Amino acid sequence: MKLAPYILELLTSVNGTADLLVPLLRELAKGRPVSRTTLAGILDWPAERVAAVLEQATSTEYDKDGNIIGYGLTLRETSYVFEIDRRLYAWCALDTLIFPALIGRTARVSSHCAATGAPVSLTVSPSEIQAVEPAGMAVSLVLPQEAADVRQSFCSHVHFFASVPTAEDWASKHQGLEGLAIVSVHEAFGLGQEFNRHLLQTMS
Ligand SMILES: [Hg+2]
């Protein structure tokens, strides 16, 4: 029930990366592909720097023209719907809880329980979650692996569930996952707040 280990490792894997992160998310939030030169202009960075940082992010999604379309927040369909009239998507459940505070917008999030397929939805603002349906919604966490593909090693195991017991039944069948944990969606949101408050201090 102690979540510092997840906060610590998430920052490790994820993280001038932090300097690039927030501006990229806010761009992607406009609903369109982001070029390296647009990104570079926004940051006041030389192009080599932007490229170097992106090269460390192996899960980064690109379109036909090689522009950024996915980086946590994505234009390519996933199980995690992230609506701000735009319909965007997130790589994992925790992403949906973190992004709103970083982009300064409230988001309507929806998905399906990973154990049962039941619909789940909530509204996530920079400071709280609301309209949590179902109320007992849960989230799975694993410990990020430091040098691994973040989307495969972390994001693909970080789901919403209709309930904490339902989530725990599911977790009981999923060994092999490092540091697998079930928390309430409210606890997951608190984790995301901690993550952000730290991340922001790392920024220049
Ligand atoms: Hg993720």
Side-chain angles (χ1 to χ4, degrees), residues 6-111 124-127 144-156 158 188-189 191-204:
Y6 304 92
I7 294 162
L8 172 59
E9 291 304 291
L10 202 46
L11 293 161
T12 310
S13 178
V14 156
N15 182 209
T17 306
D19 284 322
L20 174 152
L21 178 59
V22 169
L24 176 52
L25 290 174
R26 289 183 157 167
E27 276 308 282
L28 284 170
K30 293 176 178 185
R32 277 175 307 279
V34 190
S35 78
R36 302 195 155 185
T37 59
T38 300
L39 218 192
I42 294 184
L43 303 167
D44 245 306
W45 284 15
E48 176 47 37
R49 191 170 163 77
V50 174
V53 175
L54 286 189
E55 188 57 61
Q56 301 299 347
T58 75
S59 326
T60 301
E61 288 171 298
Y62 298 91
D63 68 11
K64 51 182 286 300
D65 300 313
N67 296 157
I68 311 173
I69 64 182
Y71 198 102
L73 181 67
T74 181
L75 313 177
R76 290 279 156 86
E77 202 180 334
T78 71
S79 299
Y80 309 96
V81 179
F82 187 87
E83 295 186 69
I84 303 275
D85 295 302
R86 290 275 172 167
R87 149 171 266 243
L88 310 179
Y89 303 93
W91 283 353
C92 78
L94 182 61
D95 278 353
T96 69
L97 301 181
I98 281 162
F99 291 159
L102 290 188
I103 59 173
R105 289 289 290 285
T106 300
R108 302 194 79 74
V109 174
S110 58
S111 189
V124 187
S125 70
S127 72
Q145 307 177 39
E146 295 205 345
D149 185 81
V150 70
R151 186 159 197 194
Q152 179 67 31
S153 66
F154 180 76
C155 303
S156 77
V158 172
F189 182 84
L191 179 69
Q193 289 180 310
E194 286 298 331
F195 173 83
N196 285 341
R197 73 169 287 169
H198 285 82
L199 179 70
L200 296 174
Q201 306 194 213
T202 89
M203 293 181 62
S204 57

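We're numbering straight along the sequence, starting at 1. Note: hydrogens, waters and symmetry copies are ignored here, and every other heavy atom, side chains too, is used.
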Please check: side-chain N/O of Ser13 versus main-chain N/O of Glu9, any donor-acceptor pairing under 3.5 Å?
no
Rounded distance [0.5 Å steps], CZ in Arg105 versus CD1 in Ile84:
5.5 Å
State which residues pass side-chain contact (heavy atoms from CB on, under 4.5 Å) with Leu75; sequence neighbours excluded, sorted by chain then number.
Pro33, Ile69, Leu88
Using side-chain heavy atoms (C-beta onward) and a distance below 4.5 Å, is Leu97 in contact with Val109?
no
Restricting to non-hydrogen atoms, name the atom on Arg197 and the atom on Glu194 that form the minimum distance, rounded to 0.1 Å.
CG-O, 2.9 Å
Report yes or no: does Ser111 contribute a side-chain atom to a donor-acceptor pair with the main-chain N or O of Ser79 at less than 3.5 Å?
yes
Output the distance between atom CD (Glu27) and atom OG1 (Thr38), rounded to the nearest 0.5 Å.
7.5 Å
For residues 52-66, which side-chain donor-acceptor pairs fall under 3.5 Å, sequence neighbours excluded?
{"unit_1": "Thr58", "atom_1": "OG1", "unit_2": "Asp149", "atom_2": "OD1", "d": "3.0"}
{"unit_1": "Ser59", "atom_1": "OG", "unit_2": "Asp149", "atom_2": "OD1", "d": "3.1"}
{"unit_1": "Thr60", "atom_1": "OG1", "unit_2": "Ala57", "atom_2": "O", "d": "2.8"}
{"unit_1": "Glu61", "atom_1": "OE1", "unit_2": "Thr74", "atom_2": "OG1", "d": "2.7"}
{"unit_1": "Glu61", "atom_1": "OE1", "unit_2": "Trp91", "atom_2": "NE1", "d": "2.9"}
{"unit_1": "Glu61", "atom_1": "OE2", "unit_2": "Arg151", "atom_2": "NH1", "d": "3.1"}
{"unit_1": "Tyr62", "atom_1": "OH", "unit_2": "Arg36", "atom_2": "NH2", "d": "2.7"}
{"unit_1": "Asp63", "atom_1": "OD1", "unit_2": "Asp65", "atom_2": "N", "d": "2.9"}
{"unit_1": "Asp63", "atom_1": "OD1", "unit_2": "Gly66", "atom_2": "N", "d": "3.0"}
{"unit_1": "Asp63", "atom_1": "OD1", "unit_2": "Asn67", "atom_2": "N", "d": "2.9"}

Can you see which heavy atom on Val124 is nearest to which on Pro100, and at what distance?
CG1-CG, 3.4 Å
Quick check against the 3.5 Å criterion: does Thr78 have a side-chain atom that pairs as donor or acceptor with the backbone of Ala90?
yes
Please answer whether the main-chain N or O of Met203 pairs with a side-chain N or O of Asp19 as donor and acceptor at a distance below 3.5 Å.
no
Residue set satisfying side chain to side chain donor-acceptor pair (under 3.5 Å) with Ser127, at least two apart, ordered chain then number -> none
Rounded to the nearest 0.5 Å, what separates atom CG in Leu11 from atom CZ in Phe195?
5.0 Å
Would you compute the distance between atom CZ of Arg87 and atom OG of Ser110 and round it to the nearest 0.5 angstrom?
6.5 Å
So how far is it from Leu191 CG to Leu10 CG, rounded to the nearest 0.5 Å?
7.5 Å
Shortest non-hydrogen separation from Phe154 to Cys92 and the atoms involved:
CE2-SG, 4.2 Å
Once you round to the nearest 0.5 Å, how far does CG of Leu73 lie from CD1 of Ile98?
12.0 Å
Residue pair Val158 / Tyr80: nearest heavy atoms and the distance that separates them
O-OH, 3.2 Å
Which heavy-atom pair separates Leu199 from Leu21 by the least distance, and what is that distance?
CD2-CD2, 3.6 Å
Heavy-atom pair of closest approach, residues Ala188 and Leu94:
O-CD1, 3.6 Å
